[PDB]
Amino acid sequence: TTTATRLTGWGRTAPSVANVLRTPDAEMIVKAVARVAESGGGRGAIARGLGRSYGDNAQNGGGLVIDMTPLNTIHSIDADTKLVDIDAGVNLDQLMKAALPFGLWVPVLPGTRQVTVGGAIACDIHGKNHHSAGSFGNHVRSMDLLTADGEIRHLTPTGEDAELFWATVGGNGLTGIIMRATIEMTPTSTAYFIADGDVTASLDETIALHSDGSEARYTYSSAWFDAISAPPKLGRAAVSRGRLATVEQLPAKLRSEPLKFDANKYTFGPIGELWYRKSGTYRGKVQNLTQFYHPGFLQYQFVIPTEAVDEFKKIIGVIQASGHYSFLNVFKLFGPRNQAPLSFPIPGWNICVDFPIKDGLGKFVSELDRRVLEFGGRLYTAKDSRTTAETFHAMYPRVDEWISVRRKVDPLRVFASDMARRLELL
């Protein structure tokens, strides 16, 4: 049956040991849960996907961890209803490849494609197109949730059981095990993007670019930005914005199969600024997914409400001056949020930094937490392993609402993880 394994997140940190069940037989999974639900509850069970979450949500020290990747059956795809019916274990690379021939696009892609559907729902993932498409949960039309009582619940966003549906979205696996879901895809005539590229010189410029209205012309938008340069070079960004291309906008070479998928001395001087500027400035460039989107450390991500822009600028300044240097930095403006209590995204300034692990970093991020909290923002659980129950419960004021739903569906704490215990969501 199970195999005791040392599990971490993608951050390869905070390791715990659990029994890792790995079966393609869904019957076995159901019985593994009934087994846990009878043995008092103990340290319970958590589902695990491709383990791309940095946090400790896909691990359950001294408990059961169910690997879902074996359950990777695509059941159906329909180009007319735009619906795909797949097992939770299918990953989004797999799904993308299978659905392109139907002229269907995965409605929310994150930075890797190596994430399962279960993981995408459970962390309610977002991406480059959040401001136009929302997050993953917005596109789930149904799901089948294995609950603590051994029953499989068919959930929909509306009608009854909506509450448990929207508690499961962003619920980090703590409502039970998603076995199978139905996703509504985005119609597309190509696998290509038409991309505009802009380059800013200061943070104030970046922000201006994201509030001038131009953002409404693009469905996909994000930026790499400078978190190391002192002001006013601090916060300058390479912005990449675009939308899916039509067949008529493809060069003839590509129009045949439109849905096919397959530092020198100058560098820090004035000539290179011109290089990086000219090279990062373009209009109507045709790019495929890889070019446009998918080309020891502590990953840290937060969002600040749109209005609190001055506070957002202050936090960036804090980061630069902190002596903690991040090169890989992702800036994006989120759009409207959804009804999931524990959903990460809210409208406003979202940023992702990557800190090398060194002295006083742990203490510094704790400071950052307080500022993010102070300013009405929050951290993302799929990126976080160190924050306290305190900060988290204050960042997510509907956590109480969420918990009540969770206790309604799992009274005996049959489902559990490291994160649940740390953030007191158990």
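When you see a residue number, it is the position in the sequence shown, counting from 1.
Peer 1: In terms of residues present in the deposited sequence but not modelled, what lies between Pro295 and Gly296: none, 1 to 3, 4 to 9, or 10 or more?
Peer 2: 10 or more residues are missing.
Peer 1: Taking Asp262 and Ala263 as adjacent modelled residues, how many residues of the deposited sequence between them have no coordinates (none, 1 to 3, 4 to 9, 10 or more)?
Peer 2: Unresolved stretch here: 10 or more residues.
Peer 1: Can you let me know which of the two, 250-258 or 79-87, has the higher average C-alpha B-factor in the entry?
Peer 2: Stretch with the higher mean C-alpha B-factor: 250-258.
Peer 1: Can you tell me which stretch has the higher mean Cα B-factor, 169-177 or 324-332?
Peer 2: Stretch with the higher mean C-alpha B-factor: 324-332.
Peer 1: Sorting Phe364, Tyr54, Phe392, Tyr380 by Cα temperature factor from the record, which one lands on top?
Peer 2: Checking the PDB record, the top C-alpha B-factor among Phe364, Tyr54, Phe392, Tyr380 is at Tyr54.
Peer 1: Using only the C-alpha B-factors in the record, can you name which of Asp226, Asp310, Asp93, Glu205 has the highest?
Peer 2: Highest C-alpha B-factor among the listed options: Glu205.
Peer 1: Quick check on the deposited entry: does the C-alpha B-factor of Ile183 sit in the lowest, middle or highest third of its chain?
Peer 2: For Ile183, the deposited C-alpha B-factor lands in the lowest third.
Peer 1: Looking at the entry's B-factor column for C-alpha atoms only, identify whether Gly63 ranks in the lowest, middle or highest third of its chain.
Peer 2: According to the entry, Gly63 has a C-alpha B-factor in the chain's highest third.
Peer 1: Sorting by Cα B-factor within the chain, modelled residues only, which third would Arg277 end up in: lowest, middle or highest?
Peer 2: Highest third, going by the recorded CA B-factors of the chain.
Peer 1: Which third of the chain does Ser221 land in by C-alpha B-factor: lowest, middle or highest?
Peer 2: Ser221: CA B-factor falls in the lowest third of its chain.
Peer 1: Divide the modelled residues of the chain into thirds by Cα B-factor and specify which third, lowest, middle or highest, holds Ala26.
Peer 2: Highest third of the chain for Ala26's C-alpha B-factor.
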